[PDB]
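# An overview of the molecular structure
Okay, here's what each chain looks like letter by letter:
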Amino acid sequence: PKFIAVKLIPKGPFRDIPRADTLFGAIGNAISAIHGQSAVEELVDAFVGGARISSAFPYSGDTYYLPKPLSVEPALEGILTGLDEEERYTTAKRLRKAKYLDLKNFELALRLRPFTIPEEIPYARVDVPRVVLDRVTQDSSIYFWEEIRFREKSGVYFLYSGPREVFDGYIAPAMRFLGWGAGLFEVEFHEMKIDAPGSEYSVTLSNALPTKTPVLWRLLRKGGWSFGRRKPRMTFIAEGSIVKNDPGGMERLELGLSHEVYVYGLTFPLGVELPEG
Amino acid sequence: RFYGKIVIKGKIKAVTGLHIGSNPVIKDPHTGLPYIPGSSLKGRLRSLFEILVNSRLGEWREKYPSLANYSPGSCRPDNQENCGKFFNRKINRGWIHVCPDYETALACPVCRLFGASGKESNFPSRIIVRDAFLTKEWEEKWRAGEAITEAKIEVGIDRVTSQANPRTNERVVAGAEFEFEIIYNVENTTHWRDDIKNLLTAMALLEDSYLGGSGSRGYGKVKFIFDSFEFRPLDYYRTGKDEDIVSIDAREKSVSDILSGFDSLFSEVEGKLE
Amino acid sequence: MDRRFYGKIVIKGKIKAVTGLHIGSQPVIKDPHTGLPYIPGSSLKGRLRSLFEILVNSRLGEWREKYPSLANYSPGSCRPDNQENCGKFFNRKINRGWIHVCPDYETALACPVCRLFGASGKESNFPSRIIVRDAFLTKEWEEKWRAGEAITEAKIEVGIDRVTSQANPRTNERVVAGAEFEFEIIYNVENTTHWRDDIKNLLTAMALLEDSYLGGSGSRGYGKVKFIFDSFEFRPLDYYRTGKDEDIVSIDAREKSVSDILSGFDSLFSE
Amino acid sequence: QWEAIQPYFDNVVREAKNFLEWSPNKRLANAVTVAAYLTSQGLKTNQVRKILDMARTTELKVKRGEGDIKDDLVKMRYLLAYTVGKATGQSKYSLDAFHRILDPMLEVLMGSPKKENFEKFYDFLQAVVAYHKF
RNA sequence: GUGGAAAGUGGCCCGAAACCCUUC
């Protein structure tokens, strides 16, 4: 699968890594700003109904990090038999701090091969103690509101498995529209390749709202105000688990506004052969 | 609608350094460099502007019609929100200006240029103050050492013992351009001229008052040398090969840029206007 | 309770100090890159404020109704009674010393020092209304330092007491006598009746600082600052909002003996 | 007190007069011993303090003041021999140890060298100074 | 159709007190 990538060069801090559905909210407000009111995601319904967004990590250089094939957590001891008998604790590096992996340690982090964890993670989840001021006098009020902070050459990217006509018609104009300060944003398109074996059961690469089909999956809970009235909790699968008993978990219509907000969660496959389960 | 995103890009020279604190130390994110957080720039840029319209509320009063039910004051004597003095918003100790409804804050000249919230209001700030991040002269200056910060010691001198006490400050080195930027949404095209004139007014309140921490004794005295007024109307995003305004750059003094060349800069953007 | 400014009268400084100047740090005080002498604002503001409040300490007996919140104090000192408020015109334990700080707003709004150099403390903290720029060495002495003819020459003292003089010396490195320090000073103007009795209240302090010293060991020289003014001009809100290259400019002929241009303060002035 | 390895370390610096394209530990590993000999003799600071001010001023002239130190380097070179001539008895017997390093260094290093070339000497100039007290 | 929308790490503070570059 020759799915292209979109690398977002930041210029400073982000609030959070955009969680693979908040982009589809932000894409929605972008195509609500441009193109009038009816070329918005109602018109892009059948176009994201065959093409996916599915966010992922920063890169820290050019090494495009990828989250985890979560089908190595059951039989991790079946993977690492080649190590010496002090391999447990490397499993704890590959279970508990199992966050993100290089591509070369992702084409073989699945397919039952001994991957290696990276450590050059471009995170500074720092605790910026912001504003304290009254217009006339003192104010004490240390309210924290922490944010994320990047490395010198790093940046988020995400993927796009779709036809390039639909990409350059909605999302690729929108990815330069996005560029309080934390919206620092420079867009640079790219292509990418993933080896991705046979498609029995494999990764979603997004946050996921499945169609009732649970296989080995971290649960998530995503809020989001999204023009005022607080969106519900909308239980999600986290970044990168394995629901491939024919997915296609549709986007969920909500209530609260004049026009409906409808939340992403539809996923796109990859290739994994998982051991058992 | 949206016909927007004006980019004011520039460089801010701290003639006597900055002390945007966090020994008090400057904000230092990931490389050891300092930086002006865009929060502090927007915040001081609204305190100066809000006190300007606090003085000038009773006389504008027809332009910006929602700023008429105020009759200046702070609501700290009568400890309640929504009191018609000028500004309520009791956060934890402070009292700032936020209009408590969207329909009012389409017209309050401070509030419609930095937004409104509270209960059932939700006005977006119409501006994006990017944090300024140490332009590439002083980055390469920093690589060979050059001591980008400066530990500065003050004292509390007494008068009956004449004793003293160390109160170190560690401010940024006097003279450092910071790669300053401003992004502004240009919704409601009839508001826009007075709006960016008001933002330039608030920026012109700087260079004559303190940014950054323990001012009024030094530590402020910044200078905007902003180069490129740009525009991104509706075709920079659907396309972007060409067709955007680039204004004059070199020696644009902000106390002279405000109107003495601004209408010679406004009328090119009147050429697009849509 | 209102700040409510319209104003910012500015004076463009030019403190050509004669007979030395020794401001200290960790030796003169240039921490930034262009190694130099400079006067760092706060050493001018604090030497203004302490001298002005020493004047107000002796002259409170006759103002005493004008600036009415001054009348809550005594001309004594809070040195014996070590409580942070005592009822005398000295309070506010910083770490071991004492400075004048009105711990309220409305008592600081009338106090003739604290309305011009700012309060602090519990819930009050008045903004200082004066802005004291860091006085950097002028372009003339910068050009006359690039060409040799060095500035900041050293000077050695000794501690030759009334014993067998084996006096341990100590270098000082003062600034050379004659150094235009390109000073600037801004005063925020609020609510005009609160105004004319402020800069006239301010300059007297500077006049006392013209008689006294600033910067270090001033009991043995090291002062004589000679504030030869340059601008005395005023920058109203009528052009911070609309900058038409206009301003209300006074005259900077030599100096004022005691407020000779008190009449020219109000030349084109309504605010 | 003084032993001949220390003037032979000075002689390594003076006969191996080239330190400019050498390792940054070749400076410090000798600069202790140099200063050790320079603190084996008296060498109190206040007559050396005239030299260091000429270094720091030319160091600021390096930090975006000019292209190089062309004419002002002579008075750096002159004032060493001037202090040698002024030094009498308990000093000229001793201060020549500080003198025998900076002249053969700055001889070819008045080749109008780069600011990155002179900085390797100014770091040695600073490097001698603290081990007077250590 | 963005875990959102409004939110200056701020207010106050002299690097000050004293010291013959001089004796044997």
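Residues numbered from 1 in each chain as written, not as in the entry; some residues may be left out. Chains lettered and ligands numbered in written order. Part of a larger assembly, values for the part shown. Heavy atoms only, no water. Residues with missing side-chain atoms left out of burial classes, pairs and counts.

For this coordinate set, the PDB header names cryo-EM as the determination method and states a resolution of 3.35 Å.

## Looking at the overall build of chain D
For chain D, the helix and strand inventory stands at six helices and zero strands. For a compact globule of 134 residues, the expected C-alpha radius of gyration is about 14 Å, and chain D comes in at 14 Å, within 12% of that figure. Along the longest, intermediate and shortest principal axes, the C-alpha atoms of chain D span 45 × 35 × 25 Å. Residues counted as buried form 39% of the 134 residues belonging to chain D. Put simply, of all contacts in chain D between residues at least 6 apart along the chain, 73% involve residues at least 24 apart. Averaged over its 21 positive side-chain charges, chain D has a centre that lies 4 Å from the centre of its 16 negative ones. (Helix = DSSP H or I, 4+ residues; strand = E, 2+ residues; numbered from the N terminus. Rg over C-alpha atoms; globule rule 2.2 N^0.38 Å. Buried < 20%, exposed > 50% of the residue type's maximum accessible area, 1.4 Å probe, protein only. Contact = heavy atoms within 4.5 Å. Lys, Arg positive; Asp, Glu negative; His and termini not counted. Charge placed at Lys NZ, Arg CZ, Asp CG, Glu CD.)

## Describing the interface of chain A and chain B
If you look at the interface, chain A gives 36 residues, while chain B gives 32 residues. Taken together, the residues of the side of chain A that touches chain B sort by class into 17 nonpolar, 11 polar and eight charged. (Nonpolar A, V, L, I, M, F, W, Y, C, P; charged D, E, K, R; others polar.)

## Let's talk about the protein's contact with RNA strand E
Lining the immediate environment of RNA strand E, one finds 103 residues, of which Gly25(A), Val155(B), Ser42(C), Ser43(C) and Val158(C) sit closest. Between a sugar or linking oxygen of RNA strand E and a side-chain N or O atom of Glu41(A), the distance comes to 2.6 Å. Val158(C) places a main-chain nitrogen or oxygen 2.4 Å from a sugar or linking oxygen of RNA strand E. Elements that contribute at least two residues to the surface near RNA strand E include exactly α1 (22–33) of chain A, α1 (38–55) and β5 (153–154) of chain B together with α1 (42–59) and β7 (156–158) of chain C. Ranked by residues supplied to the surface near RNA strand E, first place goes to α1(C) with seven residues. Residue classes in the surface near RNA strand E are distributed as 36 nonpolar, 47 polar and 20 charged. (Near = heavy atom within 4 Å. Polar contact = N/O pair within 3.5 Å; in protein donor to acceptor, adjacent residues only side chain to side chain.)

## Points about a positive patch on the surface
Where like charges cluster on the molecular surface, the positive patch consists of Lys13(B), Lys253(B), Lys139(C) and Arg146(C). By the element assignment, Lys139(C) lies in helix α3 (residues 139–146). For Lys139(C), a relative accessible area of 76% gives the class exposed. (Patch = residues over 30% accessible without salt bridge, like charges linked within 9 Å, V, L, I, M, F, W, Y side chains within 5 Å. Areas by Shrake-Rupley, 256 points an atom, 1.4 Å probe, with all protein chains shown as cover. Salt bridge = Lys/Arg side-chain N within 4 Å of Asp/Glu carboxyl O.)

## Quick word on the sheet that holds strand β3 (residues 127–128) of chain B
Sheet strands pair via backbone hydrogen bonds, and the direction of the pair is either parallel or antiparallel. All names here are of chain B. The four strands are arranged β3-β8-β1-β10 in an open sheet whose pairing can be described as antiparallel. The two strands at the open ends of the sheet, each matched to only one other strand, are β3 and β10 (228–229). Across two bridges, the pairing between β3 and strand β8 (residues 180–184) is antiparallel. Note on β8: the bridge partner recorded for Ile-128 is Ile-183. (Pairing = 2+ DSSP bridges.)

## Topic: the interface of chain C and chain B
Opposite the 48 residues of chain C that make contact, chain B presents 52 residues. Of all the secondary structure elements, the ones that give two or more residues to the side of chain C that touches chain B are α1, β4 (98–99), β5 (130–132) and α5 (237–240) of chain C. When residues of the side of chain C that touches chain B are assigned to their parent elements, the largest contribution, five residues, is made by α1(C). Considered class by class, the residues forming the side of chain C that touches chain B number 19 nonpolar, 12 polar and 17 charged.

## Re a nonpolar patch on the surface
A surface patch of nonpolar side chains, about 300 Å² in accessible area, is lined by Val131(A), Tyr143(A) and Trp145(A). Within the secondary structure, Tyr143(A) is located in the loop between α4 (88–93) and β3 (156–160).

## Structural notes on the arrangement of the chains
Out of four pairs of chains that touch, the pair holding the most contacts is chains B and C. One thing to see here is that chain A and chain D don't touch, and their nearest C-alpha atoms sit 26 Å from each other. There is a gap between chain B and chain D: no contact, and a shortest C-alpha distance of 9 Å.

## Points about the UniProt feature "binding site: Zn(2+)" (unreviewed entry) in chain C
All names here are of chain C. According to UniProt, the "binding site: Zn(2+)" (unreviewed entry) feature falls on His-100, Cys-102, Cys-111 and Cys-114. Positionally, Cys-102 belongs in the loop between β4 and α2 (114–117). Positionally, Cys-114 belongs in helix α2. On the basis of relative accessible area, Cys-114 is assigned to the buried category, the value being 0%. For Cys-114, the residues in contact, after removing those within four places along its chain, are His-100, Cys-102, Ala-108, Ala-119 and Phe-126. (UniProt positions renumbered as here; feature names shortened; annotations may be inferred.)

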